[PDB]
């Protein structure tokens, strides 16, 4: 009653992932992945919500924004579920006999034979339907090939992003080291200068004390005479 078709899932998307993913919009009554007879994923899914406003929010948000379910950036295409009945179908009782139904019953289920424009204009149609089928397949095949070429680019792009993140985190660490090394070079150069300087203050003081001793040795020798 209140369900949506989910398209563009990834083979790794489970029913349990879908249940958990769409719970973000409202309560999930039932969530399933469409899978083939050999157990593999089709790429389609069904999300049955409890009420119509819950499914409305889910459809609207996924149309508006970009809803991702996995690590790989594959956007889930949410569309409303086309409800089609096979339980009751089209009974004869409620099939109105308009001038269009009565007239259509006037010929029984038959096989058209060659020559008659019915046959000739029957296969000629089949031919176009075969062109439609062939054209429909080519589109799907070209877009599958193109999305596969985009996942090959997204592959090389996400690596380059990570490689550049690290190449840049490496260069700040090379610079930090280069700066810590240089600061200490300067810090040791101030200590070198200081030592040589404090050495001369000691060297001069001793020379000054020796000279002033001979100055007081002269002043006393003079004061004798």
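Residue numbers count along the first chain shown, from 1.
(message) Please compare 187-195 with 53-61 and name the stretch with the higher mean C-alpha B-factor in the deposited structure.
(response) Taking the mean C-alpha B-factor of 187-195 and of 53-61, the larger value falls to 53-61.
(message) If you average the CA temperature factors as listed in the entry, which stretch comes out higher, 70-78 or 129-137?
(response) Per the PDB record, 70-78.
(request) Report the option among 152, 142, 123, 107 whose CA atom has the maximum B-factor in the deposited record. (result) Of the candidates given, the C-alpha B-factor peaks at 107.
(request) Would you mind checking where the Cα B-factor of residue 38 ranks among the modelled residues of its chain, as the lowest, middle or highest third? (result) It falls in the top third of the chain.
(request) Sort the modelled residues of this chain by their C-alpha B factor and say whether residue 201 lands in the lowest, middle or highest third. (result) Within its chain, residue 201 is a lowest-third residue by C-alpha B-factor, going by the deposited values.
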